[PDB]
Amino acid sequence: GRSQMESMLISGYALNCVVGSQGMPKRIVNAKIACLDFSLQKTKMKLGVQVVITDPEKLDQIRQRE
Amino acid sequence: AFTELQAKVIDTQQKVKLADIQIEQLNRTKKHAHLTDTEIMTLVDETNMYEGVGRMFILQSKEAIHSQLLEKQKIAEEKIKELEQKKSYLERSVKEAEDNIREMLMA
Amino acid sequence: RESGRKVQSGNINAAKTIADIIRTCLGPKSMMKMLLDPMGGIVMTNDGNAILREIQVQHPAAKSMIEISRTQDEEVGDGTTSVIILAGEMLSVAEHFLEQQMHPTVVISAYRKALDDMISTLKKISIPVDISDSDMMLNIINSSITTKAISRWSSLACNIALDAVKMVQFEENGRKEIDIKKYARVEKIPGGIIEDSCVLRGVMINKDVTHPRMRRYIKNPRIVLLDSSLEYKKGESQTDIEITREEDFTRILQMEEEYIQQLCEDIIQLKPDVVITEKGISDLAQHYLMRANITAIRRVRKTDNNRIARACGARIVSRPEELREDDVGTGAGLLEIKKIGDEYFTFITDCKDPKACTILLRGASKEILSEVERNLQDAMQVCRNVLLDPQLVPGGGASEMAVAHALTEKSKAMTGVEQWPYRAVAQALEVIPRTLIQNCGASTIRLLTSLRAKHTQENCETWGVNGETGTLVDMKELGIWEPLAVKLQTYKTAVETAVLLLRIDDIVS
Amino acid sequence: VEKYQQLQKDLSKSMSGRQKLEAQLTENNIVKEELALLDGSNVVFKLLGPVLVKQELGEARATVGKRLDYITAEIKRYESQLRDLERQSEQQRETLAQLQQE
Amino acid sequence: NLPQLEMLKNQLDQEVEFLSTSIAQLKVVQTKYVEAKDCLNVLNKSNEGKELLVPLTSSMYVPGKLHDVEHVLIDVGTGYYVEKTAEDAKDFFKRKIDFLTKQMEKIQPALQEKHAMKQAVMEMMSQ
């Protein structure tokens, strides 16, 4: 991209990542990096009450505790 | 593809079938384990009363039996609902894939 | 094991004898090739490719030509018959001189010193065509589709390729991938006729549709791609022990259901009615889509969904746990499953992504369908070529004798050793005049002169011979045109092969 | 044809309790366990004959080792009659098939 | 088409019942496993010294006086008797359920597919 003249060494590691900024901090410093090999993606609550689904109802009160 | 849609409707079909036949005798073996207690409660007291879990009739005080046997009532008293809990969801689960069969066909 | 000056001469012979017979088969005027087999199989073709198949190759150079032949065929499928005519010349020209003038190397670099001067000349002779004017594309197309000699219902449906391919032009990669063909996904219609064969937006989905699996007709409601990752989680993000006995049937297959019901909601939240789920579907994932009475279409192929991801032009869901209407079911979209002739045909249309359009192909039979599509296949490939470089170039020897001088002028300029490879390579350009002078049946040596005379002033700018007109002609007065795309490709292609075989002096067992 | 089915019963005959063995075979590993698991805590009996034989670990130790070995031994007797019966009924299959077709 | 599937349908129904008959009967063999465990449950529950009415022979039963709770059988090996410990026997009373349930339960999905194999022949036999 840009031009072969602007091709450059880059401070710190080369990082291609889907940018996490929804409003995430764009800059930080003294960064503790927690790199997640695993997705997070909303663990449910199936450990609490109402892990049983006979109805679409049982999805709601799981969605509050998750 | 309707194959697993036809596959799930067969498996959960025979899943739910058991909870119907058992639940009533579970009420019976509830009621009868009350009755068999009432049956020994018939004669006010006896030493020759037996309650046992096998070919052995281990000689037991009918009192501890009245407990144990109303306990044996409570055994089959509970199993009705866990079947009814089986009876509850499995009836809907077989139609889950069936709901998928027909809509895609209506679609 | 085959090695040495033999393979060197063998690099000549194979690519030579391949290219030799085939130039007669080049051109709208073309001299056909007969085949016979000890099996009795008879083949009458101007088609190198078809020839390139049933022929036998006992030399890997003759075999690797088929490879580089399929290269241009992988690329386009035409000019393959042309590409072989280039290197087969080159090695048959420079080498026996210059390999007995001793080098693999000189002409190799000169193959590039050849490759650029074309590009140089190409920046002159190739002049831009606009996709806004259909004929300005279609005249090339009319020229491209009459190459296979059906102008009948191909031409009007080549507008459809002039549209569908141009309208599936999309995906700028930032150096702009957009120029393309493949995203155009042909429709197959029993019944109808190429007259009423006309684009619908996105991709018209014939392939998995023999019957509606997606409603009947859907306008606003979103056609939705659910892509793997609809399988259950019995735990929060996890999966515990599965159904075994009584209450596990309840509890576990419920544990399976909630996570998917949770996945289900995000689909229904974006208001679908039809939902096309490729493999990785749960019956759990459908039945709440059934609870919303929103059809979930399961276990259907990827390209088809990518067709559908091109049909409403939605994406494929990369995080099916958190879903967006921006993900799948974009825009307003459309889904229309129409019986035309025999088969119900899902049309997922009103495409977001830059349009998208697929060629509606309606034959009465599938034959009168197929005859069009095959010549259509030329347009849609020339369309992408016009999409690739929209510079129409004069055909015939117009580019040939042009670059030849400019190469020999580069010989005059550079006056090195590779001047001789130029005069060897610039000699390769004259194929088209020779090919055309063959295919017209005229005298080349005058027309060779006369085309050098056409370059002596005009620089053969639009002037080659056209054997099809049989005379040295402006290709503007003949309206003969090709994109700079197809030229350099075919040009460069055998140049690479001219390097390739020349590299190979050795075969080892 | 009966020729197809003829030797398969004689076959599965020797296979029948051989299968029963292979559960006993598995439980012979378990009785080796449950002998090793019994230090004499509760009595160990080879039940052989309608008479209960008072028995010991070392009396049953070789034995269950001998049983498991023997409970592998009725395997080979079928393995004898395995390829006896399935093979000759394999020839018989064509014999009266065509004759009855004839 | 049809007659070969009239002929082939014969075995698949047996493959159904081969699997149908087998799975149902192992619960009967599991009955004794929990039984003997439970028979050993109430055994340890009360005491040694209770009267035991035990089967004498058909149409009859014989009484008896229980002097051993912790003395309890397991049937493993071949024809073999291991009298085990109250918890030992229970453990195998327990555990003999576990392995047998595996061989038993595996049979049910194969039951379906043999019918799904027969039912598939039925259609193509009728179609």
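Just so it is clear, none of the values below were taken in a lab; they were calculated from the coordinates. As a convention, Cβ positions derive from the backbone with ideal geometry for all residues, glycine included, and neighbour counts pool all protein chains shown.
Condition check ((1) away from chain E (no Cβ under 14 Å); (2) touching a residue at least 60 places away in the same chain (Cβ under 8 Å); (3) not polar (S, T, N, Q)) across all residues:
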residue: B:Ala7; (1), (2), (3): no, yes, yes
residue: B:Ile23; (1), (2), (3): yes, yes, yes
residue: B:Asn27; (1), (2), (3): yes, no, no
residue: B:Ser61; (1), (2), (3): no, no, no
residue: B:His66; (1), (2), (3): yes, no, yes
residue: B:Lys74; (1), (2), (3): yes, no, yes
residue: B:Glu78; (1), (2), (3): yes, no, yes
residue: B:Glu98; (1), (2), (3): yes, yes, yes
residue: B:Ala107; (1), (2), (3): yes, no, yes
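The selection criterion, being in a helix (DSSP H, G or I), without any contact (Cβ under 8 Å) to a residue 40 or more places away in the chain and not hydrophobic (A, V, I, L, M, F, W, C), holds for E:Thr21.
Residues in the range D:13-23: is at least one in contact (Cβ under 8 Å) with a residue 40 or more places away in the chain and at the interface with chain E (Cβ under 10 Å from one of its Cβ atoms)? Within the range D:13-23, one or more residues are in contact (Cβ under 8 Å) with a residue 40 or more places away in the chain and at the interface with chain E (Cβ under 10 Å from one of its Cβ atoms).
Mind checking whether some residue in the range E:1-14 is outside any helix (DSSP H, G or I) and touching a helix residue (DSSP H, G or I) at 6+ places or on another chain (Cβ under 9 Å)? Yes, the conditions are met somewhere in the range E:1-14.
Yes or no: the range C:214-226 includes at least one residue that is more than 14 Å from chain A (Cβ to nearest Cβ) and either over 28 Å from C:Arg319 (Cα atoms) or of a type in the set (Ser, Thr, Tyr) (or both). Yes: the range C:214-226 contains one or more residues that are more than 14 Å from chain A (Cβ to nearest Cβ) and either over 28 Å from C:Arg319 (Cα atoms) or of a type in the set (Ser, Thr, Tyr) (or both). Set side by side, the residues E:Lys84, E:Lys118 differ, and just one is more than 13 Å from chain D (Cβ to nearest Cβ) and either surrounded by fewer than 16 Cβ atoms within 10 Å (Cβ to Cβ) or of a type in the set (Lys, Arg) (or both), which is E:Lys118. Cβ-Cβ distance below 9 Å, separation of 6 or more or different chains: which pairs start in the range D:40-55 with a residue that is of a type in the set (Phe, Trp, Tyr) and end on one that is surrounded by fewer than 17 Cβ atoms within 10 Å (Cβ to Cβ) and outside any loop (DSSP other than H, G, I, E, B)? Qualifying pairs under 9 Å: D:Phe45/D:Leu52.
Of all the residues that make up the range A:22-66, how many are among the aliphatic types (A, V, I, L, M), more than 17 Å from C:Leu263 (Cα to Cα) and either at the interface with chain C (Cβ under 10 Å from one of its Cβ atoms) or touching a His at 6+ places or on another chain (Cβ under 9 Å) (or both)? Steps first, answer last, please.
Filtering the range A:22-66 for residues among the aliphatic types (A, V, I, L, M) gives A:24, A:28-29, A:31, A:33-34, A:36, A:40, A:45, A:47, A:49, A:51-53, A:59, A:62.
Cutting the leftovers down to more than 17 Å from C:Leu263 (Cα to Cα) gives us A:24, A:28-29, A:31, A:33-34, A:36, A:47, A:49.
Among the residues that remain, those that are also either at the interface with chain C (Cβ under 10 Å from one of its Cβ atoms) or touching a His at 6+ places or on another chain (Cβ under 9 Å) (or both) are: A:47.
The total comes to 1.
Which of the residues that make up the range D:25-44 are more than 7 Å from chain E (Cβ to nearest Cβ) and either assigned to a strand (DSSP E or B) or out of contact with any helix residue (DSSP H, G or I) (no Cβ under 6 Å at 6 or more places or on another chain) (or both)? Answer for the range D:25-44, where residues must be more than 7 Å from chain E (Cβ to nearest Cβ) and either assigned to a strand (DSSP E or B) or out of contact with any helix residue (DSSP H, G or I) (no Cβ under 6 Å at 6 or more places or on another chain) (or both): D:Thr26, D:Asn29, D:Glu33, D:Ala36, D:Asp39, D:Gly40.
Screening C:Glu400, C:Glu461, C:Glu468, C:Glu430 for residues that are buried (at least 18 other Cβ atoms within 10 Å of the Cβ), among the charged types (D, E, K, R), touching a residue at least 40 places away in the same chain (Cβ under 8 Å) and out of contact with any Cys (no Cβ under 8 Å at 6 or more places or on another chain) leaves exactly one candidate, C:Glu461.
Only a single item in (1) hydrophobic (A, V, I, L, M, F, W, C); (2) within 14 Å of chain D (Cβ to nearest Cβ); (3) assigned to a helix (DSSP H, G or I) is not met by E:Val69, and it is number (3). The residue list C:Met204, C:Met255 contains one member that is crowded, with 22+ Cβ neighbours inside 10 Å and either among the polar types (S, T, N, Q) or in a strand (DSSP E or B) (or both), which is C:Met204.
Only a single criterion out of (1) surrounded by 19 or more Cβ atoms within 10 Å (Cβ to Cβ); (2) closer than 17 Å to C:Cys351 by Cβ is not satisfied by C:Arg315, namely (1).
When the criteria are applied in full, C:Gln254 fails the requirement of being within 14 Å of chain A (Cβ to nearest Cβ), of a type outside the set (D, E, K, R), closer than 28 Å to C:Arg315 by Cα and out of contact with any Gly (no Cβ under 9 Å at 6 or more places or on another chain).
Sort out which residues of the range C:358-406 are of a type in the set (A, V, I, L, M) and more than 30 Å from C:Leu472 (Cβ to Cβ), and write them in order of number. Outline the logic, then answer.
Taking the range C:358-406 first, the residues of a type in the set (A, V, I, L, M) are C:359-361, C:364, C:368-369, C:372, C:376, C:379-380, C:382, C:386-388, C:392-393, C:398, C:401-404, C:406.
Within the range C:358-406, C:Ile359, C:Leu360, C:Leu361, C:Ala364, C:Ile368, C:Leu369, C:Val372, C:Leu376, C:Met380, C:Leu387 qualify.
Test E:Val28 against the criterion of being loosely packed, with under 15 Cβ neighbours inside 10 Å, of a type in the set (A, V, I, L, M) and either within 14 Å of chain D (Cβ to nearest Cβ) or out of contact with any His (no Cβ under 8 Å at 6 or more places or on another chain) (or both), and give yes or no.
Details: loosely packed, with under 15 Cβ neighbours inside 10 Å: yes; of a type in the set (A, V, I, L, M): yes; either within 14 Å of chain D (Cβ to nearest Cβ) or out of contact with any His (no Cβ under 8 Å at 6 or more places or on another chain) (or both): yes.
Yes; evaluated as a whole, the condition is true for this residue.
E:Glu48 passes every criterion in (1) outside any loop (DSSP other than H, G, I, E, B); (2) touching a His at 6+ places or on another chain (Cβ under 8 Å); (3) more than 7 Å from every other protein chain (Cβ to nearest Cβ) apart from (1).
Note on the range D:50-61: residues that are out of contact with any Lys or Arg (no Cβ under 7 Å at 6 or more places or on another chain) and either under 20 Å from E:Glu87 (Cβ atoms) or within 9 Å of chain E (Cβ to nearest Cβ) (or both) total 2.
Restricting attention to the range E:33-51, the residues being crowded, with 16+ Cβ neighbours inside 10 Å, free of Cβ contacts under 8 Å to residues at least 40 places away in the same chain and within 26 Å of the chain's Cα centre (by Cα) number 3.
Hey, any hits in the range E:12-24 for a residue that's among the β-branched types (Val, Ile, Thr) and within 11 Å of another protein chain (Cβ to nearest Cβ)? Reasoning before the result, please.
Taking the range E:12-24 as the starting set, the residues that turn out to be among the β-branched types (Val, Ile, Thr) are E:16, E:21, E:23.
Now drop any that are not within 11 Å of another protein chain (Cβ to nearest Cβ), which leaves none.
Taking every residue of the range E:12-24 in turn, none turns out to be among the β-branched types (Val, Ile, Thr) and within 11 Å of another protein chain (Cβ to nearest Cβ).
Looking at the range B:82-95, can you tell me whether even one residue there is away from chain E (no Cβ under 14 Å), small (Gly, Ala, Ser) and under 30 Å from C:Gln286 (Cβ atoms)? Yes: the range B:82-95 contains one or more residues that are away from chain E (no Cβ under 14 Å), small (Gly, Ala, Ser) and under 30 Å from C:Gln286 (Cβ atoms). Across the range E:78-127, the qualifying residues are those that are in a helix (DSSP H, G or I) and of a type in the set (S, T, N, Q), and the one among them that is nearest to D:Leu25 (Cα to Cα) is E:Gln103.
So that you can scan it fast, the table gives a plain yes or no per residue for (1) under 17 Å from C:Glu496 (Cα atoms); (2) of a type in the set (A, V, I, L, M); (3) surrounded by fewer than 18 Cβ atoms within 10 Å (Cβ to Cβ):
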| position | (1), (2), (3) |
| --- | --- |
| C:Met39 | no, yes, yes |
| C:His59 | no, no, no |
| C:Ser64 | yes, no, no |
| C:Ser92 | yes, no, no |
| C:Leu98 | no, yes, no |
| C:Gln101 | no, no, yes |
| C:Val106 | yes, yes, no |
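Given C:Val486, C:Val425, which one is under 24 Å from C:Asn13 (Cβ atoms) and buried (at least 20 other Cβ atoms within 10 Å of the Cβ)? Selected residue: C:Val425, the only one of C:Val486, C:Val425 that is under 24 Å from C:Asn13 (Cβ atoms) and buried (at least 20 other Cβ atoms within 10 Å of the Cβ).
Out of all the residues in the range C:289-314, which are over 23 Å from the mean Cα position of the chain (by Cα) and within 14 Å of another protein chain (Cβ to nearest Cβ)? The answer is C:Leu289, C:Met290, C:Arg291, C:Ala292, C:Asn293, C:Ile294, C:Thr295, C:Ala296, C:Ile297, C:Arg298, C:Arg299, C:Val300.
Checking each residue in the range B:29-59 for being within 14 Å of another protein chain (Cβ to nearest Cβ) and not in a loop (DSSP other than H, G, I, E, B) picks out B:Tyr50, B:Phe57, B:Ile58, B:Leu59.
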